[PDB]
């Protein structure tokens, strides 16, 4: 029977989404700082890699206390990365290449150097109630010692309440002191969020990645007899009252009210898309929360529709080099079991806040992990460097610039908190600073292994992480990956299969030995696999090359070894 026809999916339902960290991607001007002209000079890389969409970490005006997540002007570009003119040139050239471009929208908080905050702190009409402002807690026992409104702890260490001398009140900061929480019960705040998104959509952005959504809304003091209620204590003896972990964020995180805001954003975006046409503009949400609270981002049982998807962080939070094949299968099944009917699944192996994929797992697992990302149904998310297997760089206490490490850590402990090792400059080639910059003075130090692990080397050599990444993004054009069913089970503690299958179309099978030992499996146990079958992709140190025939039902895999087999249609 000739192959069945498939209906084309909207671009966002099966895109490869690549996360750029602009400060570390490409420095065009020799200051050791990545910039918009550098991204423009390398837009061709995304076409070459088979990436469909890029999301940039924040590039808006920022005092850089949290490297861009502390925004002083939501309507202009950070001078170190470029100008508004450079941003419009990036959108033009990305669009001319067929790429979608998403921006990082940071709705929870503004810089204390924003006009919003300067005006609010001065009680300017229209801005007085823009942020969460609170009087000290009544201290009847002992006045003249001022108490914060509650025991709430900041994500970056210390009290989430900061005293303003000028306003004689505390403001809330869930992040750095310099990151002030907006009041999302203020209709003027909600309108300003629509105004910001409309500004950037009108410039031509294809959508947003929405930062820190679990922290949008905190308890209304009207519900607690006019005080901010204390979060419960954890009881964990390793954390004192200034340390993140001391409290359970019952009154400060995952409040049901935050989802109404996200559903209002989607209604806004739907109307925008209806009134503008062209490619669907989308929102992807960031939030670390339990399965129930994460799936509420998609929408709810009463028919509300939220983000196009919430990010799936499961390969960051629940899988590591300690995981066996049964763990891999059980965690993969969690998103696919709990995601609502019609939801688009997505897979995230890394980001700028977490250790790099090959450091969390092992160096010999890079290809297997990139195959899982590309072969599971839905959307693959790649963090800058995963396409070449980059590793965490070494960063000394002296070179550490992450506010989280500087606030929570010291020269002995910093490494426990710092996100800097996942933010080291991208390895283009084996030239000075790995081709990231013409300067030796980079904003973070270049990882020592850049001579071994760089993009130019992997394009030159016959087998490489990059060549495997290219073969996998190319495979996603096949109807079996865009529309095919999936079947996933462990064959042993060491090896699992993933089968994509679609009647009249080729079958594709991942076999992956995630263990540190060899494993022999019976391919007779793999559904929809008729032999012989052809190796489409192999791990860079597999005995099997692309084009190799698998004829025997008994298969011995090395530690880390992964294969994609192409087999006849069912």
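Positions refer to the first chain, counted from 1. We call the rigid core the largest set of C-alpha positions that still match within 1.5 Å between the two forms.
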Practice task
Rigid core fitted first, then name the stretch among 89-97 and 351-359 whose C-alphas deviate most from the displayed form in 4 other deposited structures of this protein.
Solution key: 351-359
Handout entry: More variable segment, 130-138 or 296-304 [Cα RMS over structures in 4 other deposited structures of this protein, core-superposed]
Key = 130-138
Problem - Higher-B stretch (mean Cα B-factor, as the entry records it), 185-193 or 120-128 - result: 120-128
Completion exercise
The stretch whose C-alpha atoms carry the larger average B-factor in the entry, 240-248 or 69-77, is 240-248
Completion exercise
Among 381, 91, 405, 329, the highest C-alpha B-factor in the PDB entry belongs to 405
Handout entry: Candidate set 351, 451, 324, 317 [ranked by C-alpha B-factor, highest]
Key = 451
Exercise for the section: Report the third (lowest, middle or highest) to which the CA temperature factor of residue 556 belongs, ranking only the modelled residues of the same chain. Expected result: middle
Fill in the blank from the handout: Of the three thirds of Cα B-factor ranks in this chain, residue 500 occupies the lowest
Problem - Ranked against its chain, the third holding the CA B-factor of residue 334 - result: lowest
Problem - Among modelled residues of the same chain, the CA temperature factor third for residue 532 - result: highest
Practice task
Determine, from the deposited record, the chain-internal third of the Cα B-factor for residue 144: lowest, middle or highest.
Solution key: highest
